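Novice: Quick one: this structure, given as C-alpha cells, is what I'll be asking you about.
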Amino acid sequence: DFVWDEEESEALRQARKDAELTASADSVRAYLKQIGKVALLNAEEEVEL
Amino acid sequence: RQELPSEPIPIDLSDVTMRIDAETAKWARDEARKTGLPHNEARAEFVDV
C-alpha cells in the first residue's frame, strides 16, 4: 500500500538500472499474454476431451 | 499545477491494461511536497513513486 522507504527507492533504482532496454530472455510477457486467453478445464471436460 | 486527474487515466501497457487513479496521484504528490525541493526537482520524486 501507500508506504515509501529507502528500500522502495532502492528497489526502483535497481530496476531502472538493471534494464535499460528489453532483453531476449526476459521478454516472456508476449507468451504469457497468449496463455491467459484460454480458460482452465475441470475434471468432466478433461475426461470428455 | 500539482493537480489531480478528474477521472482515472488508462495507462494501457503493451500487454495488460493499467489504470492510474486519484489516490495514487494523491500519495505521489504528498511525497513530492514532503521532499520540499523545487517543482522541476520534485518532479523526480513524483515520477519515481
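Taken together, the values in this text are just the output of simple stated rules run on the coordinates, not laboratory data. Counting neighbours? That spans all protein chains shown, and the Cβs are built from the backbone with ideal geometry, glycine included.
Novice: Looking at (1) away from chain A (no Cβ under 13 Å); (2) aliphatic (A, V, I, L, M); (3) farther than 30 Å from A:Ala30 by Cα, which one does B:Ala32 not meet, given that it meets all the others?
Specialist: Every listed condition holds for B:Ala32 apart from (1).
Novice: Which of the residues spanning the stretch A:19-33 are part of a helix (DSSP H, G or I) and either exposed (fewer than 10 other Cβ atoms within 10 Å of the Cβ) or small (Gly, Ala, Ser) (or both)?
Specialist: Initially, the stretch A:19-33 is screened for residues part of a helix (DSSP H, G or I), giving A:29-33.
A:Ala30, A:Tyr31, listed by residue number.
Novice: Out of all the residues in the stretch A:14-42, which are of a type in the set (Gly, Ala, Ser) and closer than 16 Å to B:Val16 by Cα?
Specialist: Scanning the stretch A:14-42 gives A:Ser27, A:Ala30, A:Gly36.
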